[PDB]
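Novice: My structure is stored as structure35.csv, with CSV, C-alpha atoms.
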```csv
chain,number,residue,atom,x,y,z
E,1475,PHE,CA,-125.0,-214.5,-101.8
E,1476,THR,CA,-127.6,-217.2,-101.4
E,1477,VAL,CA,-128.4,-220.8,-100.3
E,1478,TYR,CA,-131.0,-223.6,-99.9
E,1479,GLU,CA,-131.0,-226.9,-97.9
E,1480,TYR,CA,-130.8,-229.8,-100.5
E,1481,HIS,CA,-132.7,-232.1,-98.0
E,1482,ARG,CA,-135.3,-229.2,-97.4
E,1483,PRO,CA,-135.5,-227.2,-100.7
E,1484,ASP,CA,-138.3,-224.8,-99.6
E,1485,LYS,CA,-135.7,-223.4,-97.0
E,1486,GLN,CA,-134.2,-220.7,-99.2
E,1487,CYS,CA,-132.1,-217.7,-98.0
E,1488,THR,CA,-130.6,-214.6,-99.9
E,1489,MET,CA,-128.7,-211.3,-99.5
E,1490,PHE,CA,-127.5,-208.7,-102.1
E,1491,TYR,CA,-123.9,-207.5,-102.5
E,1492,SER,CA,-121.3,-206.1,-105.1
E,1493,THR,CA,-117.5,-206.1,-105.7
E,1494,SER,CA,-117.5,-202.3,-106.1
E,1495,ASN,CA,-116.8,-200.2,-102.9
E,1496,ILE,CA,-119.9,-198.4,-101.4
E,1497,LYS,CA,-120.1,-194.7,-100.3
E,1498,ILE,CA,-123.8,-193.9,-100.2
E,1499,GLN,CA,-124.6,-195.1,-96.7
E,1500,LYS,CA,-126.6,-194.4,-93.5
E,1501,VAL,CA,-128.8,-196.9,-91.5
E,1502,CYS,CA,-131.7,-196.4,-89.0
E,1503,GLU,CA,-134.3,-198.3,-86.9
E,1504,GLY,CA,-137.1,-197.5,-89.5
E,1505,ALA,CA,-138.5,-198.0,-93.1
E,1506,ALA,CA,-136.5,-195.1,-94.7
E,1507,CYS,CA,-133.3,-193.6,-93.1
E,1508,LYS,CA,-131.1,-190.7,-94.6
E,1509,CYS,CA,-127.7,-191.3,-96.4
E,1510,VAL,CA,-124.1,-189.9,-95.9
E,1511,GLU,CA,-121.0,-190.0,-98.0
E,1512,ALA,CA,-118.8,-192.7,-96.3
E,1513,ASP,CA,-118.5,-190.3,-93.3
E,1514,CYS,CA,-115.5,-190.7,-90.9
E,1515,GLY,CA,-112.9,-188.4,-89.2
E,1516,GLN,CA,-110.8,-187.9,-85.9
E,1517,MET,CA,-111.3,-186.2,-82.5
E,1518,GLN,CA,-109.0,-183.8,-80.5
E,1519,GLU,CA,-107.1,-185.0,-77.4
E,1520,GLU,CA,-108.8,-184.7,-74.0
E,1521,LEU,CA,-107.7,-182.0,-71.4
E,1522,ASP,CA,-105.5,-180.2,-74.0
E,1523,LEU,CA,-103.4,-177.4,-72.4
E,1524,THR,CA,-104.1,-173.8,-73.8
E,1525,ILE,CA,-105.7,-175.1,-77.1
E,1526,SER,CA,-106.9,-172.5,-79.7
E,1527,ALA,CA,-110.4,-171.3,-78.5
E,1528,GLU,CA,-110.6,-168.9,-81.5
E,1529,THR,CA,-110.2,-171.9,-83.9
E,1530,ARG,CA,-113.3,-173.4,-82.2
E,1531,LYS,CA,-115.2,-170.2,-83.0
E,1532,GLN,CA,-113.9,-170.3,-86.6
E,1533,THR,CA,-115.0,-174.0,-86.9
E,1534,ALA,CA,-118.5,-173.3,-85.5
E,1535,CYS,CA,-118.7,-170.2,-87.8
E,1536,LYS,CA,-118.0,-172.4,-91.0
E,1537,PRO,CA,-120.8,-172.6,-93.7
E,1538,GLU,CA,-120.9,-176.4,-93.3
E,1539,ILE,CA,-121.4,-176.1,-89.5
E,1540,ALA,CA,-125.0,-176.5,-88.4
E,1541,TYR,CA,-124.7,-178.8,-85.3
E,1542,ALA,CA,-122.7,-177.4,-82.2
E,1543,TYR,CA,-123.4,-178.1,-78.4
E,1544,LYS,CA,-122.0,-179.2,-75.0
E,1545,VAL,CA,-123.5,-182.4,-73.6
E,1546,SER,CA,-122.9,-185.6,-71.6
E,1547,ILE,CA,-122.5,-188.8,-73.7
E,1548,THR,CA,-125.3,-191.0,-72.4
E,1549,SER,CA,-125.2,-194.5,-74.2
E,1550,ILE,CA,-124.3,-196.3,-77.4
E,1551,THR,CA,-125.8,-198.7,-80.0
E,1552,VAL,CA,-124.9,-201.7,-82.2
E,1553,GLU,CA,-125.5,-201.1,-86.0
E,1554,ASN,CA,-121.8,-200.6,-87.0
E,1555,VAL,CA,-122.2,-197.8,-89.7
E,1556,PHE,CA,-124.4,-195.8,-87.2
E,1557,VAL,CA,-123.8,-196.8,-83.5
E,1558,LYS,CA,-126.3,-194.3,-82.1
E,1559,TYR,CA,-124.3,-192.3,-79.4
E,1560,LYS,CA,-127.2,-191.0,-77.2
E,1561,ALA,CA,-126.7,-187.8,-75.1
E,1562,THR,CA,-127.7,-185.5,-72.2
E,1563,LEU,CA,-127.8,-182.0,-73.7
E,1564,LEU,CA,-126.3,-179.3,-71.4
E,1565,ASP,CA,-126.1,-176.3,-73.8
E,1566,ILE,CA,-126.2,-175.4,-77.6
E,1567,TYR,CA,-124.8,-172.6,-79.8
E,1568,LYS,CA,-125.6,-173.5,-83.5
E,1569,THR,CA,-127.9,-176.5,-83.4
E,1570,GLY,CA,-129.2,-175.0,-86.7
E,1571,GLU,CA,-131.6,-176.1,-89.4
E,1572,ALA,CA,-135.2,-176.7,-88.2
E,1573,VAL,CA,-133.9,-177.5,-84.6
E,1574,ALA,CA,-135.3,-176.2,-81.3
E,1575,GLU,CA,-134.4,-175.8,-77.6
E,1576,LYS,CA,-131.9,-178.0,-75.6
E,1577,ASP,CA,-132.1,-181.0,-73.2
E,1578,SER,CA,-133.5,-183.2,-76.1
E,1579,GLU,CA,-131.0,-186.1,-75.4
E,1580,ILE,CA,-131.0,-187.3,-79.0
E,1581,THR,CA,-128.6,-189.6,-80.9
E,1582,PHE,CA,-125.3,-188.5,-82.7
E,1583,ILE,CA,-124.2,-191.7,-84.5
E,1584,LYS,CA,-120.7,-193.2,-85.3
E,1585,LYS,CA,-119.1,-195.6,-87.8
E,1586,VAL,CA,-116.3,-198.2,-87.6
E,1587,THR,CA,-113.8,-196.5,-89.9
E,1588,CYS,CA,-113.8,-193.4,-87.5
E,1589,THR,CA,-111.6,-195.1,-84.8
E,1590,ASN,CA,-109.9,-191.7,-83.8
E,1591,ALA,CA,-113.3,-190.3,-82.8
E,1592,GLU,CA,-114.2,-192.7,-80.0
E,1593,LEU,CA,-116.6,-191.6,-77.2
E,1594,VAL,CA,-117.0,-192.4,-73.5
E,1595,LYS,CA,-120.4,-193.2,-71.8
E,1596,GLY,CA,-121.2,-190.7,-68.9
E,1597,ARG,CA,-118.4,-188.3,-70.2
E,1598,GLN,CA,-119.0,-184.6,-70.7
E,1599,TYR,CA,-118.0,-183.4,-74.2
E,1600,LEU,CA,-118.0,-180.6,-76.8
E,1601,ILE,CA,-118.4,-181.0,-80.6
E,1602,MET,CA,-119.4,-179.4,-83.9
E,1603,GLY,CA,-120.5,-180.5,-87.5
E,1604,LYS,CA,-123.4,-180.6,-90.0
E,1605,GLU,CA,-127.1,-180.8,-89.1
E,1606,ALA,CA,-129.3,-184.0,-89.1
E,1607,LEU,CA,-131.3,-185.5,-92.0
E,1608,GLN,CA,-134.8,-184.5,-90.9
E,1609,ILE,CA,-137.0,-187.5,-91.9
E,1610,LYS,CA,-137.4,-191.1,-90.6
E,1611,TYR,CA,-140.1,-193.8,-89.7
E,1612,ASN,CA,-141.1,-191.3,-87.0
E,1613,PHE,CA,-142.9,-188.0,-87.8
E,1614,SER,CA,-139.4,-186.5,-87.9
E,1615,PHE,CA,-135.7,-187.5,-87.6
E,1616,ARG,CA,-135.1,-184.2,-85.8
E,1617,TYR,CA,-131.7,-183.8,-84.1
E,1618,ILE,CA,-130.6,-187.4,-85.0
E,1619,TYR,CA,-127.0,-186.1,-85.7
E,1620,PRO,CA,-124.8,-187.8,-88.3
E,1621,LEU,CA,-121.4,-187.1,-86.6
E,1622,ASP,CA,-119.8,-187.1,-90.1
E,1623,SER,CA,-116.2,-186.6,-91.4
E,1624,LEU,CA,-114.2,-183.4,-90.5
E,1625,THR,CA,-116.4,-182.7,-87.5
E,1626,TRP,CA,-115.0,-181.2,-84.2
E,1627,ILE,CA,-114.8,-183.3,-81.0
E,1628,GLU,CA,-113.2,-183.0,-77.5
E,1629,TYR,CA,-113.8,-183.8,-73.8
E,1630,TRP,CA,-115.5,-181.2,-71.5
E,1631,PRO,CA,-114.0,-181.0,-68.0
E,1632,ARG,CA,-116.4,-182.1,-65.3
E,1633,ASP,CA,-114.3,-180.4,-62.7
E,1634,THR,CA,-111.7,-177.8,-63.9
E,1635,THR,CA,-109.1,-176.1,-61.7
E,1636,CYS,CA,-107.4,-179.1,-60.0
E,1637,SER,CA,-107.0,-180.9,-63.4
E,1638,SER,CA,-103.8,-178.9,-64.5
E,1639,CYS,CA,-105.4,-176.5,-65.4
E,1640,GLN,CA,-108.6,-174.4,-65.3
E,1641,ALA,CA,-107.3,-172.2,-68.2
E,1642,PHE,CA,-108.2,-174.9,-70.8
E,1643,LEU,CA,-111.9,-175.1,-69.6
E,1644,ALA,CA,-112.0,-171.2,-69.4
E,1645,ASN,CA,-110.7,-171.0,-73.0
E,1646,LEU,CA,-113.5,-173.4,-74.1
E,1647,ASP,CA,-116.0,-171.2,-72.0
E,1648,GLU,CA,-114.7,-168.1,-73.9
E,1649,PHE,CA,-115.2,-170.0,-77.3
E,1650,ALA,CA,-118.8,-170.9,-76.3
E,1651,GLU,CA,-119.4,-167.3,-75.1
E,1652,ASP,CA,-118.0,-165.8,-78.4
E,1653,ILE,CA,-120.3,-168.1,-80.4
E,1654,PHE,CA,-123.2,-167.0,-78.3
E,1655,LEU,CA,-122.4,-163.2,-78.2
E,1656,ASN,CA,-120.8,-162.5,-81.7
E,1657,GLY,CA,-121.6,-165.7,-83.7
E,1658,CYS,CA,-121.1,-165.8,-87.5
H,678,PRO,CA,-145.8,-166.9,-83.1
H,679,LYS,CA,-144.9,-165.1,-79.8
H,680,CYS,CA,-141.8,-163.0,-80.5
H,681,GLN,CA,-140.1,-160.3,-78.3
H,682,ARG,CA,-137.1,-157.9,-78.1
H,683,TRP,CA,-135.0,-160.7,-76.5
H,684,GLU,CA,-136.8,-163.3,-78.6
H,685,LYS,CA,-137.1,-165.2,-81.9
H,686,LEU,CA,-140.4,-167.2,-82.1
H,687,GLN,CA,-140.8,-170.4,-84.2
H,688,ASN,CA,-143.0,-173.6,-84.7
H,689,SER,CA,-146.2,-171.6,-83.9
H,690,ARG,CA,-144.8,-170.7,-80.4
H,691,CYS,CA,-142.6,-168.2,-78.5
H,692,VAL,CA,-138.8,-168.6,-78.3
H,693,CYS,CA,-135.5,-166.8,-77.2
H,694,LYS,CA,-133.1,-164.9,-79.5
H,695,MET,CA,-129.3,-165.4,-79.7
H,696,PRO,CA,-127.2,-162.8,-77.6
H,697,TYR,CA,-125.2,-162.1,-80.8
H,698,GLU,CA,-128.4,-161.2,-82.8
H,699,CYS,CA,-129.1,-158.9,-79.8
H,700,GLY,CA,-125.5,-157.4,-80.2
H,701,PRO,CA,-126.7,-154.1,-81.9
H,702,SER,CA,-128.3,-152.9,-78.5
H,703,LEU,CA,-127.1,-149.7,-76.7
H,704,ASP,CA,-123.9,-150.3,-74.6
H,705,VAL,CA,-124.1,-149.8,-70.8
H,706,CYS,CA,-122.4,-150.8,-67.5
H,707,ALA,CA,-123.3,-154.2,-65.8
H,708,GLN,CA,-122.0,-156.7,-63.2
H,709,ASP,CA,-120.9,-160.4,-63.0
H,710,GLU,CA,-123.3,-163.3,-63.0
H,711,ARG,CA,-121.9,-164.6,-59.6
H,712,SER,CA,-119.6,-161.8,-58.4
H,713,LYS,CA,-119.5,-158.0,-57.4
H,714,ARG,CA,-117.1,-156.9,-60.2
H,715,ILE,CA,-118.4,-154.4,-62.9
H,716,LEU,CA,-118.0,-154.8,-66.7
H,717,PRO,CA,-119.4,-153.5,-70.1
H,718,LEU,CA,-122.7,-155.0,-71.6
H,719,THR,CA,-125.7,-154.4,-73.9
H,720,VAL,CA,-129.4,-154.5,-72.9
H,721,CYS,CA,-130.6,-156.9,-75.7
H,722,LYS,CA,-127.7,-159.4,-75.1
H,723,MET,CA,-128.4,-159.3,-71.3
H,724,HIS,CA,-132.1,-159.9,-72.0
H,725,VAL,CA,-131.5,-162.8,-74.4
H,726,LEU,CA,-129.1,-164.3,-71.8
H,727,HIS,CA,-131.7,-164.0,-69.0
H,728,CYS,CA,-134.3,-165.6,-71.5
H,729,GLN,CA,-131.8,-168.5,-71.7
H,730,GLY,CA,-131.6,-168.7,-67.9
H,731,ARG,CA,-128.1,-167.1,-67.6
H,732,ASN,CA,-127.3,-164.9,-64.6
H,733,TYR,CA,-126.6,-161.1,-64.7
H,734,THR,CA,-126.4,-158.0,-62.5
H,735,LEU,CA,-127.0,-154.2,-63.0
H,736,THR,CA,-124.6,-151.2,-62.6
H,737,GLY,CA,-124.6,-147.4,-62.7
H,738,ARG,CA,-124.3,-145.3,-65.8
H,739,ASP,CA,-120.5,-144.6,-65.2
H,740,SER,CA,-119.7,-148.1,-63.7
H,741,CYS,CA,-118.0,-149.5,-66.9
H,742,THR,CA,-116.3,-148.4,-70.2
H,743,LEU,CA,-119.4,-149.1,-72.5
H,744,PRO,CA,-118.5,-148.2,-76.2
H,745,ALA,CA,-121.7,-146.3,-76.8
H,746,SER,CA,-121.3,-143.9,-73.7
H,747,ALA,CA,-120.4,-140.9,-75.9
H,748,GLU,CA,-120.9,-139.6,-79.5
H,749,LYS,CA,-119.2,-141.6,-82.3
H,750,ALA,CA,-117.4,-140.8,-85.6
H,751,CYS,CA,-118.7,-141.3,-89.2
H,752,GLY,CA,-118.7,-144.9,-90.7
H,753,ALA,CA,-119.5,-146.6,-87.3
H,754,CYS,CA,-122.5,-144.7,-85.9
H,755,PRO,CA,-125.0,-146.5,-83.5
H,756,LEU,CA,-128.7,-146.7,-84.5
H,757,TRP,CA,-129.5,-143.3,-82.8
H,758,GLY,CA,-127.3,-141.4,-85.3
H,759,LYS,CA,-125.6,-141.0,-88.7
H,760,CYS,CA,-122.7,-139.3,-90.5
H,761,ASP,CA,-123.2,-135.6,-91.4
H,762,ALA,CA,-122.7,-134.3,-95.1
H,763,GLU,CA,-119.0,-133.9,-96.0
H,764,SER,CA,-118.0,-134.3,-92.3
H,765,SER,CA,-116.0,-137.0,-90.4
H,766,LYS,CA,-118.0,-136.7,-87.2
H,767,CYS,CA,-121.3,-138.5,-86.5
H,768,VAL,CA,-124.5,-136.6,-85.6
H,769,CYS,CA,-127.4,-137.6,-83.2
H,770,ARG,CA,-130.9,-138.1,-84.7
H,771,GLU,CA,-134.3,-136.8,-83.6
H,772,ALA,CA,-136.6,-139.4,-81.8
H,773,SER,CA,-138.7,-139.7,-85.0
H,774,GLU,CA,-135.8,-141.3,-86.8
H,775,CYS,CA,-136.4,-144.6,-84.8
H,776,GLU,CA,-135.7,-147.2,-87.6
H,777,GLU,CA,-134.7,-149.8,-85.0
H,778,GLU,CA,-137.4,-151.7,-82.9
H,779,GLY,CA,-135.6,-151.0,-79.6
H,780,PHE,CA,-136.2,-152.0,-75.9
H,781,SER,CA,-138.0,-149.7,-73.5
H,782,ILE,CA,-135.7,-148.7,-70.6
H,783,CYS,CA,-135.6,-146.6,-67.3
H,784,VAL,CA,-133.7,-143.3,-67.1
H,785,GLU,CA,-133.6,-140.2,-64.9
H,786,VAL,CA,-134.2,-136.9,-66.8
H,787,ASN,CA,-135.0,-133.4,-65.5
H,788,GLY,CA,-134.3,-134.8,-61.9
H,789,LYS,CA,-137.2,-137.5,-62.4
H,790,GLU,CA,-137.3,-141.2,-63.4
H,791,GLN,CA,-139.2,-141.9,-66.7
H,792,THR,CA,-139.7,-144.8,-69.2
H,793,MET,CA,-138.5,-144.1,-72.8
H,794,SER,CA,-137.4,-146.1,-75.9
H,795,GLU,CA,-133.8,-147.3,-76.2
H,796,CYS,CA,-133.3,-145.3,-79.4
H,797,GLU,CA,-134.7,-142.0,-77.8
H,798,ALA,CA,-132.4,-142.5,-74.8
H,799,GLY,CA,-129.5,-143.1,-77.3
H,800,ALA,CA,-130.3,-139.8,-79.1
H,801,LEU,CA,-130.4,-137.9,-75.7
H,802,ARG,CA,-127.0,-139.5,-74.8
H,803,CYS,CA,-125.4,-138.9,-78.2
H,804,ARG,CA,-126.6,-135.2,-78.3
H,805,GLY,CA,-125.1,-134.5,-74.8
H,806,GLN,CA,-128.4,-134.0,-72.9
H,807,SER,CA,-128.2,-134.4,-69.0
H,808,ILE,CA,-129.4,-138.0,-68.5
H,809,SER,CA,-128.7,-141.0,-66.1
H,810,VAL,CA,-129.8,-144.6,-67.0
H,811,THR,CA,-131.2,-146.6,-64.0
H,812,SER,CA,-132.2,-150.0,-65.5
H,813,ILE,CA,-132.5,-151.9,-68.8
H,814,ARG,CA,-136.1,-152.7,-67.5
H,815,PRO,CA,-138.7,-149.8,-67.7
H,816,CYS,CA,-139.8,-147.6,-64.7
H,817,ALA,CA,-142.8,-147.9,-62.4
H,818,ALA,CA,-143.8,-144.4,-63.7
H,819,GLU,CA,-146.6,-145.6,-66.1
H,820,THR,CA,-148.6,-147.3,-63.3
H,821,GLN,CA,-152.4,-146.6,-63.1
```
Using structure tokens, write down the structure that the file contains.
Specialist:
Amino acid sequence: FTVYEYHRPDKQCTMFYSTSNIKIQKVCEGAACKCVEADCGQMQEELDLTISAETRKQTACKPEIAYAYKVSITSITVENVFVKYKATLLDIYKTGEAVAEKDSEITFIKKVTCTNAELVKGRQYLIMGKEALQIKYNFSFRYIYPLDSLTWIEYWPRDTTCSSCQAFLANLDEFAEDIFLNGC
Amino acid sequence: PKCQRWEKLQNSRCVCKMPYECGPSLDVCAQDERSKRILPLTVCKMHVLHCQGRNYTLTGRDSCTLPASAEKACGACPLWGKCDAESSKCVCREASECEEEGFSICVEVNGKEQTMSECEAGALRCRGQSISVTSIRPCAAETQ
């Protein structure tokens, strides 16, 4: 798709496209960026009563699982296939391949087809999925999470027992403790 | 890089290990991270948790139902023992059969406190010797 001004013919502009649907896609604030396979999915409902804490352990124990933590959503970004979703890291359980210690506050990006996986700024949360693509325009792309399809997501209660009820947060604490003390 | 019994060093530096990777430690009594209640625990998992900044509390040798508090059967033996030939019971090893790295821990023996290896204390416990564990940390007894 391209144009020039007929009254100013030096003023030429161009962009590249195709009719075929695209699936090899990731975007970054740098000269080379990673790629993902059209990645989008859906989150769980907030404050869910007596939800399956053992299923959270089974999900974190999966062979595809290599990101898993509890954090506060800090801020968001604008490039629509990878709106960055910055964080405030509270704890980690399987942050995985070539990762290190917590409180790094790094991105966990999102895409416009994943409408069922929306996130709230300032909100405490729990999630699981694959590890980051490890290179960028920086010396590393370390912990720049993809938040790809089939990943786990839910809200983390900021105050528990008056919220009807504390047993949901205690089940999530038991899931986190099982991943820390027995693992996979 | 700077590894340890509760640790897992990386990137040319020291680091903590996962409490689940510390799971094979000897079982003992312990207490809650913010309450007086007693419960079962393991020394390596409690050390890895403390290396992650998690709270913990000590307990006496009889203060909880720790799985390793007595001699086991064949096919499930702790690191201080193994199955005997053509027998369903497990047997306790000599202190020279220390294949595991182990912590060093404080225990009372012959009426006196002394530092020994976690595997040697496990052998004395499994063989029914009169012992009483006092901390998952070593004693003052080696001071000079």
Novice: Leaving out residue 1654 (chain E) and any residue of its chain fewer than 4 positions from it, which residues lie within 7 Å of it when counting all atoms listed in the file, given as a PyMOL selection string?
Specialist: (chain E and resi 1567+1650) or (chain H and resi 695-697)
Novice: Considering all atoms listed in the file, can you say which of H:744, H:803, H:699, H:734 comes closest to residue 766 (chain H)?
Specialist: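 That would be H:803, the residue with the smallest distance to residue 766 (chain H).
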Novice: Define the interface residues of chain H facing chain E as those within 10 Å, counting all atoms listed in the file, and report them as a PDB file with C-alpha atoms, in the coordinates of the input.
Specialist:
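Done, and the output landed in result18.pdb:
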```pdb
ATOM      1  CA  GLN H 687    -140.800-170.400 -84.200  1.00  0.00           C
ATOM      2  CA  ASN H 688    -143.000-173.600 -84.700  1.00  0.00           C
ATOM      3  CA  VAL H 692    -138.800-168.600 -78.300  1.00  0.00           C
ATOM      4  CA  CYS H 693    -135.500-166.800 -77.200  1.00  0.00           C
ATOM      5  CA  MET H 695    -129.300-165.400 -79.700  1.00  0.00           C
ATOM      6  CA  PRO H 696    -127.200-162.800 -77.600  1.00  0.00           C
ATOM      7  CA  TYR H 697    -125.200-162.100 -80.800  1.00  0.00           C
ATOM      8  CA  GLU H 698    -128.400-161.200 -82.800  1.00  0.00           C
ATOM      9  CA  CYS H 699    -129.100-158.900 -79.800  1.00  0.00           C
ATOM     10  CA  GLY H 700    -125.500-157.400 -80.200  1.00  0.00           C
ATOM     11  CA  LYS H 722    -127.700-159.400 -75.100  1.00  0.00           C
ATOM     12  CA  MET H 723    -128.400-159.300 -71.300  1.00  0.00           C
ATOM     13  CA  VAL H 725    -131.500-162.800 -74.400  1.00  0.00           C
ATOM     14  CA  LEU H 726    -129.100-164.300 -71.800  1.00  0.00           C
ATOM     15  CA  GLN H 729    -131.800-168.500 -71.700  1.00  0.00           C
TER      16      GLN H 729
END
```
Novice: Could you tell me how far CA of residue 770 (chain H) sits from CA of residue 748 (chain H), in Å to one decimal place?
Specialist: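 Straight-line distance from CA of residue 748 (chain H) to CA of residue 770 (chain H) works out to 11.4 Å.
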Novice: Could you check how far CA of residue 708 (chain H) sits from CA of residue 1543 (chain E), in Å to one decimal?
Specialist: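 Distance between the two atoms: 26.3 Å.
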Novice: What gap, in Å, lies between CA of residue 819 (chain H) and CA of residue 786 (chain H)?
Specialist: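 That distance, rounded to one decimal, is 15.2 Å.
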Novice: At a cut-off of 12 Å from (-140.2, -162.3, -80.2) in the coordinates of the file, what residues are picked up using all atoms listed in the file, written as a list in words?
Specialist: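 The residues near that point, listed by chain and number, are residues 678, 679, 680, 681, 682, 683, 684, 685, 686, 687, 689, 690, 691, 692, 693, 694, 695, 699, 721, 724, 725, 728, 778 and 780 of chain H.
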Novice: Dig up all the protein and nucleic acid residues within 12 Å of (-127.4, -148.8, -77.4) in the file frame, using only C-alpha atoms, and format them as a PyMOL selection string.
Specialist: chain H and resi 699-706+717-722+743-749+754-758+777-782+794-803+810+813
Novice: Need the shell around region 1593-1599 of chain E: protein/DNA/RNA residues with any atom at most 7 Å away, counting all atoms listed in the file. Skip same-chain ones fewer than 4 positions apart. Format as a PyMOL selection string?
Specialist: chain E and resi 1544-1549+1628-1632
Novice: Excluding region 1508-1511 of chain E and residues on its chain fewer than 5 positions from it, collect all residues at most 7 Å away from it, counting only C-alpha atoms, and give them as a PyMOL selection string.
Specialist: chain E and resi 1497-1500+1607
Novice: Write a file of the selected residues as a PDB file, in the frame of the given file, keeping C-alpha atoms.
Specialist:
```
ATOM      1  CA  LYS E1497    -120.100-194.700-100.300  1.00  0.00           C
ATOM      2  CA  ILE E1498    -123.800-193.900-100.200  1.00  0.00           C
ATOM      3  CA  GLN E1499    -124.600-195.100 -96.700  1.00  0.00           C
ATOM      4  CA  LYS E1500    -126.600-194.400 -93.500  1.00  0.00           C
ATOM      5  CA  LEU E1607    -131.300-185.500 -92.000  1.00  0.00           C
TER       6      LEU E1607
END
```
Novice: Rank nothing, just name the residue among E:1514, E:1555, E:1624, E:1506 nearest to residue 1611 (chain E), using all atoms listed in the file.
Specialist: E:1506
Novice: I'd like the contact shell of residue 1553 (chain E) - 12 Å cut-off, only C-alpha atoms, skipping same-chain residues fewer than 2 positions apart - returned as a list in words.
Specialist: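 Returned residues: residues 1500, 1501, 1502, 1503, 1550, 1551, 1555, 1556, 1557, 1558, 1559, 1583, 1584, 1585 and 1586 of chain E.
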Novice: Residue 783 (chain H): which residues within 9 Å, counting all atoms listed in the file, same-chain residues fewer than 3 positions away excluded, as a list in words?
Specialist: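 Skipping anything fewer than 3 positions along the chain leaves residues 790, 791, 792, 793, 794, 809, 810, 811, 812, 813, 814, 815, 816 and 817 of chain H.
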Novice: If you keep C-alpha atoms, can you produce a file of those selected residues as a PDB file, in the frame of the given file?
Specialist:
```pdb
ATOM      1  CA  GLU H 790    -137.300-141.200 -63.400  1.00  0.00           C
ATOM      2  CA  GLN H 791    -139.200-141.900 -66.700  1.00  0.00           C
ATOM      3  CA  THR H 792    -139.700-144.800 -69.200  1.00  0.00           C
ATOM      4  CA  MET H 793    -138.500-144.100 -72.800  1.00  0.00           C
ATOM      5  CA  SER H 794    -137.400-146.100 -75.900  1.00  0.00           C
ATOM      6  CA  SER H 809    -128.700-141.000 -66.100  1.00  0.00           C
ATOM      7  CA  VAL H 810    -129.800-144.600 -67.000  1.00  0.00           C
ATOM      8  CA  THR H 811    -131.200-146.600 -64.000  1.00  0.00           C
ATOM      9  CA  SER H 812    -132.200-150.000 -65.500  1.00  0.00           C
ATOM     10  CA  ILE H 813    -132.500-151.900 -68.800  1.00  0.00           C
ATOM     11  CA  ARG H 814    -136.100-152.700 -67.500  1.00  0.00           C
ATOM     12  CA  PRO H 815    -138.700-149.800 -67.700  1.00  0.00           C
ATOM     13  CA  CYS H 816    -139.800-147.600 -64.700  1.00  0.00           C
ATOM     14  CA  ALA H 817    -142.800-147.900 -62.400  1.00  0.00           C
TER      15      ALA H 817
END
```
Novice: Please, could N, CA, C and O atoms be added to region 681-690 of chain H and the result written as a short mmCIF file (atom, residue, chain, number, x, y, z; two decimals), in the coordinates of the input?
Specialist:
```
data_model
loop_
_atom_site.label_atom_id
_atom_site.label_comp_id
_atom_site.auth_asym_id
_atom_site.auth_seq_id
_atom_site.Cartn_x
_atom_site.Cartn_y
_atom_site.Cartn_z
N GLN H 681 -140.46 -161.36 -79.20
CA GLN H 681 -140.10 -160.30 -78.30
C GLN H 681 -138.76 -159.67 -78.54
O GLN H 681 -138.00 -160.20 -79.35
N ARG H 682 -138.39 -158.56 -77.89
CA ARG H 682 -137.10 -157.90 -78.10
C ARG H 682 -135.87 -158.76 -77.81
O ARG H 682 -134.89 -158.72 -78.55
N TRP H 683 -135.94 -159.62 -76.78
CA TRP H 683 -135.00 -160.70 -76.50
C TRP H 683 -135.28 -162.04 -77.10
O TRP H 683 -134.81 -163.07 -76.63
N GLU H 684 -136.14 -162.08 -78.13
CA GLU H 684 -136.80 -163.30 -78.60
C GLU H 684 -136.84 -163.49 -80.11
O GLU H 684 -136.52 -162.59 -80.89
N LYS H 685 -137.17 -164.71 -80.52
CA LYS H 685 -137.10 -165.20 -81.90
C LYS H 685 -138.08 -166.41 -82.06
O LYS H 685 -137.65 -167.57 -82.14
N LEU H 686 -139.39 -166.15 -82.07
CA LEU H 686 -140.40 -167.20 -82.10
C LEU H 686 -140.47 -168.06 -83.35
O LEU H 686 -140.11 -167.64 -84.44
N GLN H 687 -140.89 -169.32 -83.18
CA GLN H 687 -140.80 -170.40 -84.20
C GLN H 687 -141.83 -171.54 -83.87
O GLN H 687 -142.35 -171.66 -82.76
N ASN H 688 -142.12 -172.41 -84.84
CA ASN H 688 -143.00 -173.60 -84.70
C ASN H 688 -144.40 -173.25 -84.06
O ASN H 688 -144.92 -174.00 -83.24
N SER H 689 -144.99 -172.11 -84.44
CA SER H 689 -146.20 -171.60 -83.90
C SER H 689 -146.21 -171.25 -82.38
O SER H 689 -147.24 -171.29 -81.71
N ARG H 690 -145.03 -170.93 -81.83
CA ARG H 690 -144.80 -170.70 -80.40
C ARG H 690 -143.68 -169.64 -80.15
O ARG H 690 -142.85 -169.36 -81.02
#
```
